[PDB]
Amino acid sequence: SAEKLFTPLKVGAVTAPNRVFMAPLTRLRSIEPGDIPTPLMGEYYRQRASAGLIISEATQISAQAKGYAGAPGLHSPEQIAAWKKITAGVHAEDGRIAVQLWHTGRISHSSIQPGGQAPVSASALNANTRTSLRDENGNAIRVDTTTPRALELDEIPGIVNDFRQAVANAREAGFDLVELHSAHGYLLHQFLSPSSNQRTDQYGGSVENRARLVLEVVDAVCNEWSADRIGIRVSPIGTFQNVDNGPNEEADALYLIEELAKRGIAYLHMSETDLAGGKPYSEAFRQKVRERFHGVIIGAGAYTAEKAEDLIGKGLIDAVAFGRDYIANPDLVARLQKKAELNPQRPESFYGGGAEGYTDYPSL
Ligand SMILES: Cc1cc2nc3c(=O)[nH]c(=O)nc-3n(C[C@H](O)[C@H](O)[C@H](O)COP(=O)(O)O)c2cc1C
Ligand SMILES: C[C@]12C=CC(=O)C=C1CC[C@@H]1[C@@H]2CC[C@]2(C)C(=O)CC[C@@H]12
């Protein structure tokens, strides 16, 4: 029956009935041209509406933000209209959903950028990894990332504004909250990490400079909507998609969190490790984070229900976001509550394709 995973939690402007959240999961099944959400995607989210909180797959704040074929956007009328149906479906089932907004930065390819030009980032350094495009038959394919163009100083205000606008669109689209994707090596993290940021202006160098952009974004969206509607996901400890967190990751992470706390935002979502290995968070560190943020804290990364109960019981985190278990178990809440077995995962269909391996996993 579990001790606390199934107890309500106030998350900013809304209230989750349980602490089992669905982590943001890129599935690359949107319509192109237009990067438009689909009815199928609506069904997928609706099947998982019993989650304490649904965090959508990463969504573009602009066309320039696009880095993967099939990923949705929230910048055009068509996209807004499609998302409105998806949030309505979730609400029809009494669920809550937040839209994760990102700008992929250097984790992109020129073929899917506006005008077919090079993607942008903090510096002109290749991410040295690959992204997902679609072939002539619409099938997902891996391709090496394009070397980025360093953003000009006078272009940064435009970036902040795209985030601001997307949040405004998210509000009209019916989303309950918004989660800024400031992790996993995407644009915001590109600026935060010294390994990917070699700028010599006020957006590079010190942690204060490196964190400038993300903080300007946080202030802009808090002003556009409301601080209790804002969430942010970070992955400040370890290495992700080739972007590490610098020689003083812990101290830099604590600085960022204290700054975020000043805005009084809804929640802090901590992605502890990427899909590959990663040194685990020490309780000492969890305590330092805990005492610096006064909003909800969500833990994530290969979590087990037992680990969730342990850390929530110790009062270190408030909720847990499950990724892969949610892909395969729409009614994960009921299964964890009843201690039932889960459906096996089918990794080959995580990205692209159709209903198979998407709205395919049965509920109890
Ligand atoms: C197919 C797939 C897509 C993902 N897409 C995103 C994404 O868009 N944004 C994000 O922040 N994390 C993303 N993640 C990371 C997950 O949110 C999560 O942190 C990760 O899967 C670890 O949790 P798990 O062990 O419970 O699956 C993705 C993971 C998978 C497996
Ligand atoms: C899991 C992930 C990580 C962090 C994040 O924020 C969002 C995603 C979704 C896309 C995958 C990426 C990891 C790298 C992947 C597997 C590739 O090489 C192609 C598809 C990518």
# chains A, B, ... in the order shown; residues from 1 in each chain; ligands from 1
call {"tool": "residues_around", "arguments": {"residues": "residue A:172", "least_positions_apart": "2", "cutoff": "10 Å", "atoms": "only C-alpha atoms", "output": "PyMOL selection string"}}
result
chain A and resi 80-81+83-84+166-170+174-175
call {"tool": "write_last_selection", "arguments": {"atoms": "N, CA, C and O atoms", "output": "CSV table (one decimal), in the first residue's frame"}}
result
chain,number,residue,atom,x,y,z
A,80,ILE,N,-1.0,25.2,-30.9
A,80,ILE,CA,-1.8,25.6,-29.7
A,80,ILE,C,-3.2,24.9,-29.7
A,80,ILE,O,-3.6,24.4,-28.7
A,81,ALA,N,-3.8,24.9,-30.9
A,81,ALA,CA,-5.1,24.2,-31.0
A,81,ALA,C,-5.1,22.7,-30.7
A,81,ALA,O,-6.0,22.2,-30.1
A,83,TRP,N,-2.7,21.2,-28.8
A,83,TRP,CA,-2.4,21.0,-27.4
A,83,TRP,C,-3.7,21.2,-26.6
A,83,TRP,O,-3.9,20.6,-25.5
A,84,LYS,N,-4.6,22.1,-27.0
A,84,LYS,CA,-5.8,22.4,-26.3
A,84,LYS,C,-6.7,21.2,-26.1
A,84,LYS,O,-7.3,21.0,-25.1
A,166,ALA,N,6.0,31.3,-25.3
A,166,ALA,CA,5.6,29.9,-25.2
A,166,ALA,C,4.8,29.7,-23.9
A,166,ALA,O,3.9,28.9,-23.9
A,167,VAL,N,5.2,30.3,-22.9
A,167,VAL,CA,4.5,30.1,-21.6
A,167,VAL,C,3.2,30.8,-21.7
A,167,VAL,O,2.2,30.2,-21.2
A,168,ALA,N,3.1,31.9,-22.4
A,168,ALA,CA,1.8,32.6,-22.6
A,168,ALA,C,0.9,31.6,-23.4
A,168,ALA,O,-0.3,31.5,-23.1
A,169,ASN,N,1.5,31.0,-24.4
A,169,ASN,CA,0.7,30.0,-25.3
A,169,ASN,C,0.3,28.8,-24.4
A,169,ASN,O,-0.8,28.3,-24.6
A,170,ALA,N,1.2,28.4,-23.6
A,170,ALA,CA,0.9,27.2,-22.7
A,170,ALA,C,-0.3,27.5,-21.9
A,170,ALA,O,-1.2,26.6,-21.6
A,174,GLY,N,-4.3,25.5,-22.1
A,174,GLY,CA,-4.9,24.8,-21.0
A,174,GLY,C,-4.0,24.0,-20.0
A,174,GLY,O,-4.4,23.2,-19.2
A,175,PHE,N,-2.7,24.2,-20.2
A,175,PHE,CA,-1.7,23.5,-19.3
A,175,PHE,C,-1.8,24.0,-17.9
A,175,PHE,O,-2.1,25.2,-17.7
call {"tool": "closest_atom_pairs", "arguments": {"of": "chain A", "to": "ligand 2", "cutoff": "9 Å", "atoms": "only C-alpha atoms and all ligand atoms", "output": "tab-separated table"}}
result
residue	atom	partner	partner_atom_place_in_ligand_line	distance
A:24	CA	ligand 2	6 (O)	7.8
A:25	CA	ligand 2	9 (C)	6.4
A:26	CA	ligand 2	9 (C)	4.7
A:27	CA	ligand 2	9 (C)	7.5
A:28	CA	ligand 2	10 (C)	8.5
A:57	CA	ligand 2	7 (C)	8.1
A:58	CA	ligand 2	7 (C)	7.0
A:68	CA	ligand 2	20 (C)	7.9
A:102	CA	ligand 2	6 (O)	8.7
A:104	CA	ligand 2	6 (O)	8.9
A:129	CA	ligand 2	18 (O)	7.0
A:130	CA	ligand 2	18 (O)	5.3
A:131	CA	ligand 2	19 (C)	4.8
A:132	CA	ligand 2	19 (C)	5.2
A:133	CA	ligand 2	19 (C)	8.9
A:141	CA	ligand 2	19 (C)	8.4
A:142	CA	ligand 2	19 (C)	6.4
A:143	CA	ligand 2	19 (C)	8.6
A:181	CA	ligand 2	6 (O)	7.3
A:182	CA	ligand 2	6 (O)	8.9
A:183	CA	ligand 2	6 (O)	6.5
A:184	CA	ligand 2	4 (C)	4.8
A:185	CA	ligand 2	4 (C)	7.6
A:186	CA	ligand 2	6 (O)	7.3
A:240	CA	ligand 2	4 (C)	7.7
A:241	CA	ligand 2	14 (C)	6.7
A:274	CA	ligand 2	3 (C)	6.8
A:275	CA	ligand 2	1 (C)	7.0
A:351	CA	ligand 2	20 (C)	7.2
call {"tool": "select_by_dssp", "arguments": {"residues": "stretch 216-352 of chain A", "states": "alpha helix (DSSP H)", "output": "JSON, numbers by chain"}}
result
{"A": [216, 217, 218, 219, 220, 221, 222, 223, 224, 249, 250, 251, 252, 253, 254, 255, 256, 257, 258, 259, 260, 261, 262, 283, 284, 285, 286, 287, 288, 289, 290, 305, 306, 307, 308, 309, 310, 311, 312, 313, 324, 325, 326, 327, 328, 332, 333, 334, 335, 336, 337, 338]}
call {"tool": "residues_near_ligand", "arguments": {"ligand": "ligand 1", "cutoff": "10 Å", "atoms": "only C-alpha atoms and all ligand atoms", "output": "ChimeraX atom specification"}}
result
/A:21-28,55-59,71,100-102,179-186,232-235,269-276,299-304,320-327,347-352
call {"tool": "closest_residue", "arguments": {"among": "A:210, A:10, A:164, A:96", "to": "residue A:195", "atoms": "only C-alpha atoms"}}
result
A:210
call {"tool": "closest_residue", "arguments": {"among": "A:356, A:331, A:283, A:252", "to": "residue A:48", "atoms": "only C-alpha atoms"}}
result
A:331
call {"tool": "closest_residue", "arguments": {"among": "A:254, A:243, A:31, A:5", "to": "residue A:128", "atoms": "only C-alpha atoms"}}
result
A:243
